[PDB]
Colleague: 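Mind looking over this structure? Questions follow.
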Amino acid sequence: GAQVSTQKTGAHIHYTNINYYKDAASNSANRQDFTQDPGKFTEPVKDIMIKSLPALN
Amino acid sequence: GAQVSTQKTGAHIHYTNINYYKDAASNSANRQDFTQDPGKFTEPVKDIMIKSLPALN
Amino acid sequence: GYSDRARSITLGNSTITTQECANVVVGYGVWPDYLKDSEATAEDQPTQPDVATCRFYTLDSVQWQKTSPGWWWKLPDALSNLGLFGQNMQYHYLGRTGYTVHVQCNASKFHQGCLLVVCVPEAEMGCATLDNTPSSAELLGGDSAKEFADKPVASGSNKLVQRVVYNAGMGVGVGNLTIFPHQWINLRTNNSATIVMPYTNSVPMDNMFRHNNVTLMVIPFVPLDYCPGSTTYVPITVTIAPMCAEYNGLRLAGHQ
Amino acid sequence: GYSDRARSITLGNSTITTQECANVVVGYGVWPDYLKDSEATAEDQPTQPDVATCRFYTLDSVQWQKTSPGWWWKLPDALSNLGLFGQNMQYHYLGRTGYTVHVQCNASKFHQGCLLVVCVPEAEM
Amino acid sequence: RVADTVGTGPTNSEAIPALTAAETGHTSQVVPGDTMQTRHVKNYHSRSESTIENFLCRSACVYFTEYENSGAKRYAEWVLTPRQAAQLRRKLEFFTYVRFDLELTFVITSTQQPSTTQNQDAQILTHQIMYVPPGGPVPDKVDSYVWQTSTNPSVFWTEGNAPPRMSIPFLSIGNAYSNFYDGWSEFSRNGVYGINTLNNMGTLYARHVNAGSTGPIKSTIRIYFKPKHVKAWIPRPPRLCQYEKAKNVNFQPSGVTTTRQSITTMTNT
Amino acid sequence: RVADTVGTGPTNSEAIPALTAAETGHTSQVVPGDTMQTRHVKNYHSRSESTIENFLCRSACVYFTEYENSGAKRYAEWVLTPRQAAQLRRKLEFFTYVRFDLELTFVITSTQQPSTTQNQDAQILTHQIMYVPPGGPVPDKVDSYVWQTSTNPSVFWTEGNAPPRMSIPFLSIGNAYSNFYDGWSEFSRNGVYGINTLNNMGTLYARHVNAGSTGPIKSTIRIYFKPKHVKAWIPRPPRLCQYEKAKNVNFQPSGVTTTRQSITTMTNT
Amino acid sequence: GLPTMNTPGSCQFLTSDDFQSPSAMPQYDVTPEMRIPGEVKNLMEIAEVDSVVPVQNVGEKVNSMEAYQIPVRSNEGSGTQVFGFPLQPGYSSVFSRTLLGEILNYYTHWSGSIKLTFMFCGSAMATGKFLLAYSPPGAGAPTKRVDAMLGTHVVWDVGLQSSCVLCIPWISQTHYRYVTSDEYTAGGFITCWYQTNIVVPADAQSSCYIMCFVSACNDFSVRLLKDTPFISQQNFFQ
Amino acid sequence: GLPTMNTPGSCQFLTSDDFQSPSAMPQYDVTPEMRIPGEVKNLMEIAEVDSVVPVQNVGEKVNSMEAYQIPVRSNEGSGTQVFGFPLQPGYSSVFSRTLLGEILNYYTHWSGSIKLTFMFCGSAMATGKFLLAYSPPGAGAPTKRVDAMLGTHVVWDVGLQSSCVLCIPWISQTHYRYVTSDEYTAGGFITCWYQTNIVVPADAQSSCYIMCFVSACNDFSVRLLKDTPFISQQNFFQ
Amino acid sequence: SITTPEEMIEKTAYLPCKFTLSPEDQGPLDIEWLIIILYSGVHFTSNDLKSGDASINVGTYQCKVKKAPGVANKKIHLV
C-alpha cells in the first residue's frame, strides 16, 4: 500500500510513502495543498464589478 | 516506485534507489552524467576549419 | 573564387573591411539575441533603438612601443559617453547587450610582435593595499585606455590597482587567459582581430553604471621590434559595436 | 453601462484619466502612422524609439487670471529639451511625428469662463 | 502557479480600469497592463511556502521548567498552553478559529550543582513525563501512587538518547479551537472575561525516576509544539503591541507605526 | 567513453594537418596518427571522475569556532561563506557562475579546561545550532528569547551521537551564484568594490543548552559544505597567488612559475 | 535481524522535519467538522486585501488617526509635492505595519507588482488633478514634478469615482528582492505632485485629506520563512 | 518493530558518502534556470584548450612576460639546440602551472596524448626550418640533433601558416602514469634543434621569438581526485 | 563594510568612517573611535550617523563599527 507522489522541483521526480500507525493523526504534514480562493476576503460585493466599467453609475 | 540503475564497473550490475523526502534537494548527487561538448571553448570560429586544409588561404 | 583573409562587417550606418583577417571568434558559440518571454522578469515594454545604438564606435588610439605592458577597457564604461548608446543607458535603469570588438594594428613585413586580444567576463581586479579596494577612477577610463604595469605597484595606504602584467591584475597566470574568447594579432600574419560576444550575466538584465559585465585586454606577449629606418610610431585602434541592445526602466537621466 | 464623460488614454509608461471630457478631436480624420515605402525619399534605415519617445510629457503650468490674453507653444520646440525625444532630435537630421495634446483646467461650478484650444499648422507670425 | 503578465499596447477609450470606488469595500483587481504598456512575461513563481500548513508547521519552544533530584522541588508541573511564549502565539492569532493535530517534542537536560559532597560518581538518569487529562488525579509528591499511569499516558526517557516525541489529535469539545472569546463562562456576565473551556488540554508532570548520584543535580525540560493538518478561518489584524499576560489580550497603547522626519523623507528616522 | 586510436600508414600528399594558424583562436584537433604511423588501439578509459559533480561533491571544512559553558563567550556566530578556507574556494572559483544545493554537516567536540574546582562530575551536553536568514532577529545573549526558533531552523544534538546533517537548496535571488562581481552596490560607483547581495546565505549561532558540570568546558564546532546537483558556466584561470582576504580578490604579485637552471635543463632547480 | 547501517543525522532533532510518530491517544474520535465562513489556505489571500497606509507618520501623528491622513489644500502655484516614500514593502516604516508588511516580515524575499489606491475625502464641490509617479532606481528621487513626469505615472482627475489606483510594476534585475534594507535590491521611489490646484467655491473648506491603501497584485509571492523582528519577550507571560 | 542488526560503519562521517538527508527549508521554490553561455560538464573540456607554456623560466624571467618567449637567432652553424624539457605534465615547472597542469594537480594519475603548438613571431621575411623531437625513456636525453633525429620528430618549415603542432603519443608500459615525480613511470624528453639557420635580408631583425601552447588530445583522461600542493593557509582569511 | 579601511590624513581634520550594513546585520548599532568618543542607543559631523556616516571632526585613530553579527574597523594615521 505504497503511495508514489511528486517532489518539489524547480522550473525551466517521485518519492514513496507508507503509513505505519493506525490513527491518521500520526501521519506527516500536508505540505502540497496549493488551493487558493481570495474572492471571499477580496471583492465580497453582492453585485459583480467589472474592471473597465465605472464602480458607481 | 523503485529505480534500478547500473553500477560503475570495469571493462574487458544494478542497484536500487527509493526517495524518502519530498523536496528533491534532499536527493543524492548525480554522479553518472557523462555528457561532453568541448566545441564551445575549443574551435569557437565562425567558419569551420578542416584539419587537412590550410587554416588561411 | 575569393580569399578567406578579406572580410567585411556592416552594422547600422557603419562598415569595416579588413584584407588580412584570421577569422571571427564567436563568444561561446552563441550569437547575440534579444531576451525571450520565458526568461524575463521585468514587465514593462522594452525599447530597442537598433541602427541608432547598434553600430561601430571608434575609440582613441594607443601607441605600441618596444616596452609597452598592455591596455584594458571596460566595455560598458568605454561607450558610456558615446552617442545614443550613452544616452539610452543614462535615461534607463536596466540594459542588455552583446558586442562585436574589432582590434586594428598594421605594420610592414620587417615589423615583428604579437598581441593577445581577449574578452574576459567579470574581470574583477585587486588593490595594491590589501585592506583597501581599487578606486573607480583607477579601475575605469571611459574615453581612455587603462595601462598595465611591468614592475609591481607599491602599497602605501592608497586605492591603486595591482596592474602587474604577468598577473593580469586578477592575480592569475596571464598565459592561462586563453579559456576566455580570444584571438592573436601576429604582425607577420595578422592585421586585425574580431570577437563577437553574447550577453553574459547571472541575471537577465543589469544596471549598466554600477556593473561592467566584460573587459577587453590587449597584451603584447612578444615585444615590438624593427631595424632603423622603419616607421617608429605604430598605433592600435579599437572599434566596438553593441548588438541586440534593449533598455527597461525609463526615468530622469543620471546615475546616483 | 458607462459615461461618455469619462475617458482614459494610455501611452508608453503614462496614462491620463478625465471624468469630464467632451470627446476626442482627430486631426483631419487621420490617425498618425509611420511613413510608407512608396512615399519615402531618404534611403537609410529609420529608428523608431516607440515607448521611449511616444509618451506623455507635462510642461509648466500657467495661471488663468481675469485679464489673461492667451498663450502659445511651438510643439517641436516645447519638447526639444525633454527626455529621449529631445535627445533623438538632437542627434538626427530628419524627424517625423504626430501628437496627442491634452489641456487641463478644473474649477468649481461658480467659476465661469471659456477657452479655445486650437492646433494651428504653420503658425507664421 | 502564480499569474503571468499579459502584453498590452496603447489605448484611447472610455474604459476606465484605474478609477473605482473604495467605499464599496472591494479591492480593485487591476493588472499592470491596465495603466502602462507591458511585454509578455511567463511567470514560473509558486506560492508554496505561503500555505497555512508550511507557515505554521515548525516546532517551537513554548515553555521550559526545572526540577531537582533532592530538596523541595522534586517534580515539575505545567498546564499545556501556547500563549506563554510570544512567537507561536502571534503566528496562531492571525486567525480566529484553528483546528490542528499536535506533534510534541521534549528536550531534557541536566547540570551538576555546586556542593561540598565528595566521592560523587553518578549513574544514568531516567525521567518520567506524565500527561493528566483535565479532571484526573494529580501527584502531591514525587512518590505519589498516581505515577502508576494505569490509564494516563506516560513517556520514560534515559539521558543520552533521542528526544521523546508523540502525536496528539484535535481534543476540543467544540468543532474548532478559539483564539479569541468575547464573553464570560457565567450567564450572569460576572467573573473573568475572555475565559472559556474550549481549549483546555490538561497538565504535564515531570520527575526523576532515580536520583543517580549522592550529589545534587538539576534538570530542565523544554516543550515543543508543532501544529499538523491545519485548518483556519476568519483572518485577523496582526498584534501591534507587546503581550503582557497569558490569559487575556491586555496591552499598553503604542504608536500605529515608526516616525520619519517629514512626509517626503525617503529614510527612517 | 574516451576516443580510440585509428591505425594509419605512410603518406605523401598536399594534406597538411600539422600546419595551422593559432592566431584564429582555435585549438588544433590533430590525432597522433596525423604525424606518425599508428596501430589500432581500442581505448576503454572513461572520464567519469572529471565531471563537475564528482570534482566538487566532497565535504570540506570551511570554518570552526569555539564557545564555553561559563564566562564571556557563551555562544558562537558565523556568517555562512566558503571564502574563509582556501581549498573549496579555489576549486569553486574555476568558474564564474555556479548553481548547487548544499549538504551541511557539523562536528562538535568538547574539552575540559584547567581549573582548581573539585568534585567535578559532568552530565551529558546538548548543543543547539540555529540558522537565521538575512533580516531576522539575532541573539544578544545565551538566554535570548530568539532561541525559541518558532520559524528559524534549529538542530539539537547530544554528545556521543552521529554528526548532525541537513540539506539546503539553491537560495539565490539571482538565477545563478556569482564567484566574481566587477562592480559596486552603489549606482554612484562609490563604496566597497566586488561586493553584492547575490550570495548572502544568513548567519549560524551555536550554544550549550545545559552547562553540564560545575567545572569549565570549551566546545568547538566545525562546519562542512558539500555541493550537490551542480551547474557551472564560463571557465576561469586557476588562482596562481595565495589568498589574502575573504571579501575580495587582493593578492601579492608572484612569479608565473618555478625557475630551472637553463632552457635545456631536464630537472627542477 | 536485517542488516542496517546508520547514517549521519541519526537521533537529531531538526525543528523542520516531517516524520510519522506514535499517537498517545489510540482510537480517539475527533469532533466532526462544521462549515465556517472565511477559510484561509494561503497567506497571499490576506496580502491581496487593501489596508490603510500611514503616510503622515511624523512625530506625535503616529499616536492618533492623523498618521493615515494626507493633507492637501489650495496653493498660489502648481507643481508642488504632496508626499514621497521608497518602494520598500517590508522595511519602510510607511509599509512595515500594513497587512502586506506584517506578512512580508515573516519571509526573507518578495516578488510581484503592488497596487496603491488613493481616495479623495473633501467636499463634492472640491475639484483637483494629481500626478502619481514611480521612478525605478539608478538616479535619485525626483525633486520636481517635471523630473517625476519622466517615469511611470498616472494623472488622476477627481470626480464622481473618488478612488484611483496606481500600479507599481515589477521592474527589477533579479527575480526577487530582499525584504530587509539593501542597496543591491533597490526598489525606487513613489511621489505625488499637484497637476492642477484644488479649487473650491465660497463656503467650502479649501483644506482636504486623501487616503492610501496598499494591496498586492496576482503575480506577488514571498520566500524563505523566518522569525519577525516585531514581537519580543523577556520573561514568560502570565 | 522489524528486527534489524547494525553493521560496522554505523554513525560515522565519511566525507565522500552519498546519502539522502532532510531539507531544512520544506517546499522552498528555487529561482528558475536561465540559459548562460559557456557551460561546463567535464574538466577535460578545459584541459583540451591551449595555453601558453613558460619555457624560459630561468632566474628573473618568471617575473616578466619573458618566461613565455623562446629566443632564436641567426647562427654561424647548424644543428644547435633551442630548448628541452621532460614529459612531466603535472610535475615539471614548465607545465605544472599551465591550464592542463593545474587540472592535473588535482588527480594522482594521467593517460593520453599531448599536443604542443609552436608559433613563429619574427618578420615575414625571416625564414627557418626546425626539428621538434620526442624521445621515449631508456636512454638519456639527446645531446645532438642526429641523436634526436632517431626518435619521433617533425621537421617544421616556416612560411604562410605560422603554427606547427607536435603530437606526443602515449608510449608507455602501463596504462597510466603518476602526475608526481617517479622513475618507474618516466615519460621521455622533448627537444628542439635548428634544421637550417634563420635567414633575413638587410634591415630585418635577425633575432626572433617562438611561442608554445600545450593542449590534450581526445584520448586523455585522469584518475584519483586529491588535494593540490599549490594553495595553502596559516589562518582564516578575512 | 567600511570604505577605505586604511588611509593617512596629512594636514580642522575630517576623519571619514562611512560604513555599509549587511542584510544579516540586525543587532544594535554601536560606534567607537580610539587613539575618545562612543555612540550607543571630537564631535560627529553627521546628525544622521545611523544611516552610515560615523565620521568625526578633530597618532593612529581607529573607527570601530559593530552591528551583530558584522564587525568592521578603519585605521587612519593623522600627521
Side-chain angles (χ1 to χ4, degrees), chain A residues 10-12, chain C residues 35-36 38-44 46 92-96 122 199-211 213 246-249, chain E residues 2 5 39 41-46 49, chain F residues 96-99 133-135 169-187 195-202 231 233, chain G residues 86-91 104 107-114 136-138 168-188 219-224, chain H residues 28-36, chain I residues 22-24:
Chain A
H12 213 242
Chain C
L35 185 59
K36 313 215 290 294
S38 44
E39 302 256 301
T41 193
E43 304 174 344
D44 58 322
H92 281 93
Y93 153 64
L94 298 165
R96 195 189 178 274
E122 306 280 7
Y199 178 73
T200 63
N201 207 342
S202 54
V203 278
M205 315 173 71
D206 221 338
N207 185 260
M208 295 170 129
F209 266 102
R210 75 176 172 185
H211 180 234
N213 303 43
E246 41 190 335
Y247 308 89
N248 283 66
Chain E
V2 308
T5 310
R39 68 166 304 163
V41 188
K42 301 180 180 180
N43 209 180
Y44 307 105
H45 291 174
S46 178
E49 208 172 355
Chain F
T96 321
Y97 307 124
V98 281
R99 176 191 173 98
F170 177 79
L171 308 170
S172 179
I173 44 181
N175 300 66
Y177 284 136
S178 269
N179 299 323
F180 300 88
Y181 181 65
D182 195 21
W184 293 261
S185 55
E186 294 86 1
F187 305 94
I195 290 298
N196 62 343
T197 57
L198 215 69
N199 299 17
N200 285 174
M201 301 187 200
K231 296 223 182 178
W233 298 269
Chain G
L87 184 60
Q88 285 172 345
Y91 179 75
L104 268 173
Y107 293 87
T108 314
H109 295 93
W110 71 277
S111 182
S113 318
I114 282 299
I168 301 102
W170 185 255
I171 307 180
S172 188
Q173 49 188 335
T174 37
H175 281 238
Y176 277 85
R177 276 196 178 104
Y178 287 96
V179 170
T180 188
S181 193
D182 193 48
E183 175 60 339
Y184 185 65
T185 56
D219 54 0
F220 207 91
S221 85
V222 289
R223 274 192 323 178
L224 288 194
Chain H
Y28 177 90
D29 182 65
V30 299
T31 312
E33 308 202 27
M34 74 177 332
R35 215 222 42 99
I36 318 186
Chain I
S22 302
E24 286 91 354

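All heavy atoms count here, side chains included; hydrogens, waters and symmetry mates do not. Labels below follow one simple rule: chain letters A, B, ... track the order of the sequence lines, proteins then strands, and each chain is numbered from 1.
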Colleague: For the residue pair A/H12 and E/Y44, categorise the inter-ring angle as parallel (less than 30°), tilted (30 to 60°) or perpendicular (more than 60°).
Modeller: parallel
Colleague: One pair to check against side-chain contact (heavy atoms from CB on, under 4.5 Å): F/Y181 and F/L198. What are the steps and the verdict?
Modeller: CA-CA 10 Å; F/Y181 181 65; F/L198 215 69; over 6 Å; no
Colleague: With sequence neighbours left out, write down each residue that passes salt bridge (charged side-chain N to carboxylate O under 4.0 Å, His left out) with H/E33, or none if nothing qualifies.
Modeller: F/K231
Colleague: Under 3.5 Å, is there a donor on one side chain and an acceptor on the other for G/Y176 and G/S221?
Modeller: yes
Colleague: Looking only at non-hydrogen atoms, find the nearest pair between C/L35 and C/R96 and report the distance.
Modeller: N-NH1, 3.8 Å
Colleague: Assess the residue pair F/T197 and F/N200 against the criterion (side-chain hydrogen bond (donor to acceptor under 3.5 Å, both in side chains)); give the C-alpha distance rounded to whole Å, side-chain angles, the decisive distance to 0.1 Å, and a yes or no.
Modeller: CA-CA 6 Å; F/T197 57; F/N200 285 174; 5.3 Å; no
Colleague: Look only at the side chain of F/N175 and the backbone of H/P32, and say whether a donor-acceptor pair between them is shorter than 3.5 Å.
Modeller: yes
Colleague: Can you list the steps and then say if G/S113 with G/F220 is a side-chain contact (heavy atoms from CB on, under 4.5 Å)?
Modeller: CA-CA 6 Å; G/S113 318; G/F220 207 91; over 6 Å; no
Colleague: Taking side chain as C-beta onward, heavy atoms only, is E/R39 less than 4.5 Å from E/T5?
Modeller: no
Colleague: Output, in order, the C-alpha distance, side-chain angles, deciding distance and verdict of side-chain contact (heavy atoms from CB on, under 4.5 Å) for G/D219 and E/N43.
Modeller: CA-CA 8 Å; G/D219 54 0; E/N43 209 180; 4.0 Å; yes
Colleague: Using a strict threshold of under 4.0 Å (side-chain N to carboxylate O), is an ion pair present between G/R223 and E/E49?
Modeller: no
Colleague: I need the G/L104 CG to G/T180 OG1 distance, nearest 0.5 Å.
Modeller: 12.0 Å
Colleague: Locate the shortest heavy-atom distance separating F/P134 from G/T108; write the atom from each residue and the value.
Modeller: O-CG2, 3.3 Å
Colleague: Is it the case that C/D206 and C/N201 place a side-chain donor and acceptor less than 3.5 Å from each other?
Modeller: yes
Colleague: Could you check whether any side-chain N or O of F/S172 sits under 3.5 Å from a backbone N or O of F/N199, counting only pairs where one atom can act as donor and the other as acceptor?
Modeller: no
Colleague: Short question: side chain of G/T174, backbone of F/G174 - any donor-acceptor pair under 3.5 Å?
Modeller: no
Colleague: For a quick test of reading the model, state the closest non-hydrogen atom pair linking C/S202 to H/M34 and the distance between them.
Modeller: O-SD, 3.9 Å
Colleague: Do the non-hydrogen side-chain atoms of G/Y178 and F/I173 ever get within less than 4.5 Å of each other?
Modeller: yes
Colleague: Hey, does E/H45 have a side-chain heavy atom less than 4.5 Å from the side chain of G/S111?
Modeller: yes
Colleague: Would you check, one step at a time, whether the test ring pair (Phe, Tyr, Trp, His ring centres under 6.0 Å) holds for F/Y97 with F/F180?
Modeller: CA-CA 8 Å; F/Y97 307 124; F/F180 300 88; 9.2 Å; no
Colleague: Could you check if a side-chain atom of E/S46 sits within less than 4.5 angstrom of a side-chain atom of E/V2, using non-hydrogen atoms only?
Modeller: no
Colleague: Distance check, rounded to the nearest 0.5 Å: C/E39 atom CD versus C/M205 atom CE?
Modeller: 13.0 Å
Colleague: Report yes if some heavy atom in the side chain of G/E183 is under 4.5 Å from a heavy atom in the side chain of G/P137; otherwise report no.
Modeller: no
Colleague: Return yes when atom OH of F/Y177 has more than 12 non-hydrogen atoms of other residues, nucleotides or ligands closer than 6.0 Å, and no otherwise.
Modeller: yes
Colleague: For I/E24, is there any backbone N or O sitting under 3.5 Å from a side-chain donor or acceptor partner on I/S22?
Modeller: no
Colleague: Return the CH2 to CD1 distance between F/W184 and F/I195, rounded to the nearest 0.5 Å.
Modeller: 13.0 Å
Colleague: Taking all atoms of both residues into account, what is the closest heavy-atom pair of G/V179 and G/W110, and its distance?
Modeller: CG2-CD1, 3.8 Å
Colleague: How many angstroms lie between atom CD of C/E43 and atom CH2 of G/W170, to the nearest 0.5 angstrom?
Modeller: 9.0 Å
Colleague: Indicate yes or no for a side-chain donor-acceptor contact from F/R99 to the backbone of F/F170 under 3.5 Å, with no hydrogens or angles considered.
Modeller: no
Colleague: Taking F/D182's backbone N and O only, do any of them form a donor-acceptor pair with C/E122's side chain (distance below 3.5 Å, no angle check)?
Modeller: yes
Colleague: Can you give me the closest heavy-atom contact between G/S181 and G/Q88, atom names plus distance?
Modeller: OG-NE2, 4.2 Å
Colleague: Any side-chain heavy atom of C/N213 sitting closer than 4.5 Å to one from C/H211?
Modeller: yes
Colleague: With rounding to the nearest 0.5 Å, note down the distance linking OH in C/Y93 to CD1 in G/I171.
Modeller: 8.5 Å
Colleague: Using ring pair (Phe, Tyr, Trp, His ring centres under 6.0 Å), reason through G/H175 and G/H109 one step at a time and then give a plain yes or no.
Modeller: CA-CA 10 Å; G/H175 281 238; G/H109 295 93; over 10 Å; no
Colleague: Main chain of C/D44, side chain of C/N248: is a donor-acceptor contact present, judged purely on distance under 3.5 Å?
Modeller: yes
Colleague: Evaluate the side-chain contact (heavy atoms from CB on, under 4.5 Å) criterion for residues F/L171 and H/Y28: first the C-alpha distance (whole Å), next the side-chain angles of each, then the deciding distance (0.1 Å), finally the verdict.
Modeller: CA-CA 9 Å; F/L171 308 170; H/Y28 177 90; 3.7 Å; yes
